Q: 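The structure that follows is given in the form of structure tokens.
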Amino acid sequence: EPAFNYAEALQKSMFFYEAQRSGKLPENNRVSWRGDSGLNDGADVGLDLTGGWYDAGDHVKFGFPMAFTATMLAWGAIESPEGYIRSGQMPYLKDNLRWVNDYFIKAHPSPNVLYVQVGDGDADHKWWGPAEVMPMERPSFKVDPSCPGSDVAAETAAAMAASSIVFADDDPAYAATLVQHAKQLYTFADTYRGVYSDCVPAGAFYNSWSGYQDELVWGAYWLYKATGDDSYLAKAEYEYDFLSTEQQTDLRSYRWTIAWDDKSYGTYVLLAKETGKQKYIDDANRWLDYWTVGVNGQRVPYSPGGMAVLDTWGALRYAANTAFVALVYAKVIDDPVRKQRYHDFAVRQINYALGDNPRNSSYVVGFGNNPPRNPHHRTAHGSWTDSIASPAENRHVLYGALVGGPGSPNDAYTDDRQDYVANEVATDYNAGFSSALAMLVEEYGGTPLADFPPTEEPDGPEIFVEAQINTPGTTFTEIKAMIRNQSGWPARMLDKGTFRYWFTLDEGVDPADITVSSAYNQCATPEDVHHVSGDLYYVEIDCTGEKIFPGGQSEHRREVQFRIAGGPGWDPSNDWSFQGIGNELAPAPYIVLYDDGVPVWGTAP
Ligand SMILES: OC[C@H]1O[C@@H](O[C@H]2[C@H](O)[C@@H](O)[C@H](O[C@H]3[C@H](O)[C@@H](O)[C@H](O[C@H]4[C@H](O)[C@@H](O)[C@@H](O)O[C@@H]4CO)O[C@@H]3CO)O[C@@H]2CO)[C@H](O)[C@@H](O)[C@@H]1O
Ligand SMILES: OC[C@H]1O[C@@H](O[C@H]2[C@H](O)[C@@H](O)[C@H](O)O[C@@H]2CO)[C@H](O)[C@@H](O)[C@@H]1O
Ligand SMILES: [Ca+2]
Ligand SMILES: [Ca+2]
């Protein structure tokens with residue numbers, strides 16, 4: 001039996017990806033706390049750019065890492081389709097890949113034009129709240145021959161190519177369409193050279209630190225696989241010689257690893273696997289050795305707990321990416337010693353992430369023992385006051401998300417939501433991780449949870465009305481009502497609200513003489529009252545036009561003070577809406593709040 005249930009981890013990983021979706025969500029949506037969002041993406045350029053994935057805990061749709069994630073996800077499915085079949089996750093993987101690939105098609109309106117970003121990094125990062133109610137404008141950026149982006153373009157080509165292979169048997173039509181798009185994108189990237197971060201304002205988030213050379217090799221190889229066109233393999237091998245060497249030696253880079261920016265490492269193994277040339281094998285060997293035994297005395301930093309810590313930001317992601325590729329290489333190399341080394345290294349790194357560490361805790365949200373509970377994720381947190389600090393605990397469980405983890409080689413970590421360097425989550429963080437999981441399911445087995453996902457229930461009323469007697473009076477009843485929108489299942493706008501306060505006509509009180517005034521009212525103040533039947537009447541406060549949403553202190557609520565003066569004879573004790581209203585602001589169950597005529601809170605007479 002496996003040390004950890006890899007099938008379950010994988011199953012949750014796929015759920016995470018579904019939680020990262022943007023656009024109009026399907027009817028079959030598994031994440032109850034996610035609603036439609038980014039519905040006007042692309043409007044600024046008259047295009048429909050809805051869909052795709054939110055990059056991390058933020059809401060900007062960064063094309064570069066989104067494309068990479070897609071390729072890594074497809075890669076793992078090509079390596080171990082059995083792993084996805086066994087864990088019963090194959091349909092979800094295809095579903096997730098279809099989601100991001102549909103978007104890529106939407107974003108490629110012509111052969112040499114690719115939209116690589118929707119949203120502004122700074123503006124988007126200045127606000128902290130659920131995606132469904134984002135209040136900022138989201139500009140769409142692109143790359144064309146006038147300002148190319150060979151890296152992002154070639155990656156998107158690789159993404160669509162690799163996926164076409166996955167859909168090949170299921171949807172030959174779809175597969176063909178991805179292949180067609182991929183060729184155009186690769187051509188565009190090879191013909192118009194350039195770094196995409198020179199054209200789109202993503203440099204502060206996903207700067208093209210290595211250039212496009214690695215993507216030209218990467219993209220070529222994958223198109224080769226999808227098409228079978230030998231010229232593509234030729235293209236890859238040629239471009240391979242132009243890869244980055246290290247410091248002073250003529251040796252190709254071996255001290256880092258494959259991630260959204262640098263695909264050099266992937267190509268070492270991929271071409272070695274394809275051709276079997278010593279040239280590739282040496283590079284792949286040197287890289288994987290630096291991560292295991294070391295080369296020339298140098299070795300990637302290791303913690304006492306056994307974790308390979310490459311950098312501070314998203315440490316587990318790097319180790320996980322290497323763990324996957326290592327497993328892939330472990331099957332092609334004949335060397336018994338190396339095969340063991342790489343394979344054992346991979347299982348160790350994945351196991352560490354799943355719980356086998358000094359803290360004996362999982363680093364995969366919602367999985368294992370003592371998992372993280374507060375990752376740096378806006379929608380998962382569910383703040384309604386534009387604050388990362390409130391509420392204390394994330395209101396949702398982002399099942400399957402792999403956190404950054406220990407940024408230093410000391411196995412230390414603190415589940416702090418405000419730590420985006422170690423506690424943020426991301427689509428690419430789970431890319432290499434998921435592929436490794438699929439390989440491990442095929443080998444060590446595991447079984448998915450029959451009843452998953454659990455259906456979360458709201459942590460209280462989401463949209464309600466609170467009230468208290470503002471000023472005591474005997475010929476009138478002055479109320480201080482506070483409309484609230486703290487929704488999270490999912491977050492929703494409340495722009496057509498109205499509420500009713502029912503009261504009973506008293507002996508000696510002429511309705512004609514009843515007045516409704518206010519000294520402070522963020523909504524409208526009505527002139528007359530409304531007779532229902534008999535002695536039953538009601539005051540209607542109109543808040544339509546007011547955008548009440550869980551995204552700020554003043555945004556989520558509307559204060560309405562209102563005095564109903566009836567003169568001598570006025571008696572609030574027989575009034576329906578008055579039941580329960582004390583001197584402290586508290587939910588008023590008898591004041592009905594309506595969203596466009598539909599009751600959302602309270603009970604009517
Ligand atoms: O020089 C060594 C090596 O560098 C490689 O590039 C690194 C780069 O040095 C490093 O700064 C960068 O760090 C990224 C990180 O990988 C990424 O996960 C994170 O993403 C953020 C994003 O910036 C936010 O906007 C938001 O969306 O959240 C996410 C997740 O937190 O951002 C940081 C900073 O940009 O990673 C690069 C890739 O490893 C070169 O590729 C390599 O060739 C060099 O040898
Ligand atoms: O880019 C780093 C990190 O920023 C996070 O948003 C920050 C924002 O950059 C800062 O100006 C503001 O004061 O605080 C917010 C919240 O920490 C963003 O949420 C991360 O995704 C991103 O990785
Ligand atoms: Ca690159
Ligand atoms: Ca009365």
Side-chain angles (χ1 to χ4, degrees), residues 14 17-18 21 23 26 28 48-53 63 66-116 152-190 215-236 263 266-267 270 273-274 328 427 431 434-435 438-439 442:
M14 295 297 105
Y17 281 106
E18 197 168 343
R21 287 180 177 171
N28 62 71
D48 177 10
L49 296 180
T50 57
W53 292 323
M66 204 196 291
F68 178 72
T69 302
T71 307
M72 282 290 292
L73 284 181
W75 189 2
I78 300 162
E79 288 296 333
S80 176
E82 276 304 301
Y84 277 100
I85 293 170
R86 269 128 209 222
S87 56
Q89 301 309 309
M90 180 49 92
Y92 294 115
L93 169 87
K94 288 180 175 166
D95 190 37
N96 290 328
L97 276 172
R98 180 170 293 255
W99 188 267
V100 72
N101 275 286
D102 278 351
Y103 170 75
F104 284 159
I105 307 172
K106 282 182 166 186
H108 192 239
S110 58
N112 304 324
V113 169
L114 181 69
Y115 276 88
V116 306
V152 65
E155 183 63 61
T156 306
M160 305 186 82
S163 305
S164 69
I165 305 170
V166 179
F167 294 105
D169 304 304
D170 284 22
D171 200 339
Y174 193 58
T177 311
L178 307 175
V179 176
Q180 190 181 150
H181 273 273
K183 291 175 175 175
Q184 302 183 326
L185 287 165
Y186 188 89
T187 296
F188 162 48
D190 185 57
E215 279 82 14
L216 292 168
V217 182
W218 178 248
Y221 168 89
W222 285 113
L223 266 174
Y224 167 53
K225 295 261 65 182
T227 59
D229 201 324
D230 305 313
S231 58
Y232 280 127
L233 183 58
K235 175 50 165 178
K263 296 89 202 206
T267 66
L270 291 172
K273 182 178 185 296
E274 194 68 41
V328 174
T427 57
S434 302
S435 297
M439 301 275 300
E442 182 189 282

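Worth knowing before you read on, the calculation uses all heavy atoms, side chains too, and leaves out hydrogens, waters and symmetry mates. We're numbering straight along the sequence, starting at 1.
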Q: Mind running side-chain contact (heavy atoms from CB on, under 4.5 Å) on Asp190 and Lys235 for me, showing each step along the way?
A: CA-CA 10 Å; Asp190 185 57; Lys235 175 50 165 178; 3.0 Å; yes

Q: If we count only N and O atoms by modelled type, under 3.5 Å, do the side chains of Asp48 and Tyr103 hold a donor and an acceptor together?
A: no

Q: Checking the side chain of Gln89 only, and the main-chain atoms of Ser87 only, is there a donor and an acceptor separated by less than 3.5 Å?
A: yes

Q: Return the minimal non-hydrogen interatomic distance between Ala154 and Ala189, and the atom names on each side.
A: N-CB, 3.8 Å

Q: Just how far is it from atom CH2 of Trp75 to atom CZ of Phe68, taken to the nearest 0.5 Å?
A: 8.0 Å

Q: Return the minimal non-hydrogen interatomic distance between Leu97 and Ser163, and the atom names on each side.
A: CD2-OG, 3.7 Å

Q: For atom NZ of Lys273, decide whether the heavy atoms of other residues, nucleotides or ligands shown that lie under 6.0 angstrom number more than 12.
A: no

Q: Among residues at least two apart in sequence or on other chains, which ones pass ring pair (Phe, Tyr, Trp, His ring centres under 6.0 Å) with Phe104?
A: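 So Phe104 forms no ring pair (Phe, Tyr, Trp, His ring centres under 6.0 Å) with any residue.
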
Q: For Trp53, is the NZ or CZ atom of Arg21 found under 6.0 angstrom from the centre of its six-membered ring and inside 45 degrees of the ring axis?
A: no

Q: Do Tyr115 and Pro109 come within less than 4.5 Å of each other through their side chains, counting heavy atoms only?
A: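 Sidechains of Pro109 and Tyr115: in contact.
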
Q: What residues form a side chain to side chain donor-acceptor pair (under 3.5 Å) with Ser435, not counting sequence neighbours?
A: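 By the side chain to side chain donor-acceptor pair (under 3.5 Å) rule, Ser435 matches no residue at all.
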
Q: Is it the case that the side chain of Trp99 and the backbone of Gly52 share a donor-acceptor pair, with hydrogens and angles ignored and the cut-off at 3.5 Å?
A: yes

Q: Which atom pair, heavy atoms only, marks the closest approach of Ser434 to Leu73?
A: CB-CD2, 4.0 Å

Q: Check the surroundings of atom OH in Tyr92: do more than 12 heavy atoms from other residues, nucleotides or ligands lie under 6.0 Å from it?
A: no

Q: Under 4.0 Å between a side-chain nitrogen and a carboxylate oxygen: does that hold for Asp171 and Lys94?
A: no

Q: What I want to find out is whether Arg98 reaches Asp170 closely enough, with some N-O distance under 4.0 Å, to be called a salt bridge.
A: no

Q: Show the nearest heavy-atom pair for residues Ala431 and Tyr17, with the distance to one decimal.
A: N-OH, 2.9 Å

Q: Is there side-chain contact between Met72 and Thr69, with heavy atoms separated by less than 4.5 Å?
A: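 No, every pair of side-chain atoms sits at 4.5 Å or beyond.
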
Q: Heavy atoms, side chains only, cut-off 4.5 Å: are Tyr232 and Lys183 in contact?
A: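 Counting from C-beta outward, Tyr232 and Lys183 do come under 4.5 Å.
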
Q: Where is the tightest heavy-atom contact between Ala438 and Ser80, given as atom of each residue plus distance?
A: O-OG, 3.0 Å

Q: Between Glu215 and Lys263, does any NZ, NE, NH1 or NH2 come within less than 4.0 Å of an OD or OE carboxylate oxygen?
A: yes

Q: Tell me if a side-chain donor or acceptor on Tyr186 pairs with a main-chain N or O of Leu216 at a distance below 3.5 Å.
A: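 Confirmed, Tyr186 side chain pairs with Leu216 backbone.
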
Q: Going through the checks in order, is the side-chain contact (heavy atoms from CB on, under 4.5 Å) test met by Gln184 and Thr187?
A: CA-CA 5 Å; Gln184 302 183 326; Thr187 296; 5.7 Å; no

Q: With a 4.5 Å cut-off on side-chain heavy atoms, are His108 and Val113 touching?
A: no

Q: Answer whether the closest heavy-atom distance between the side chains of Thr156 and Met66 falls below 4.5 Å.
A: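 Result no, sub-4.5 Å side-chain heavy-atom pair not found.
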
Q: Could you tell me whether a side-chain N or O of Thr50 sits under 3.5 Å from a main-chain N or O of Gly23, the two making a donor and an acceptor?
A: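 Checking the backbone N and O of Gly23 against the side chain of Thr50, no donor-acceptor pair under 3.5 Å is found.
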
Q: Please tabulate, for the side chains in residues 219-227, all donor-acceptor contacts under 3.5 angstrom to protein atoms that are two or more places apart in sequence or on a different chain.
A:
from	atom 1	to	atom 2	distance (Å)
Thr227	OG1	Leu223	O	2.6
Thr227	OG1	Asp229	N	3.1

Q: To check you understand the geometry: which heavy-atom pair defines the closest contact between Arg86 and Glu442, and what is its length?
A: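 That closest heavy-atom pairing would be NH1-O, 3.6 Å.
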
Q: What distance separates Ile105 CD1 from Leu178 CG, expressed to the nearest 0.5 Å?
A: 5.5 Å

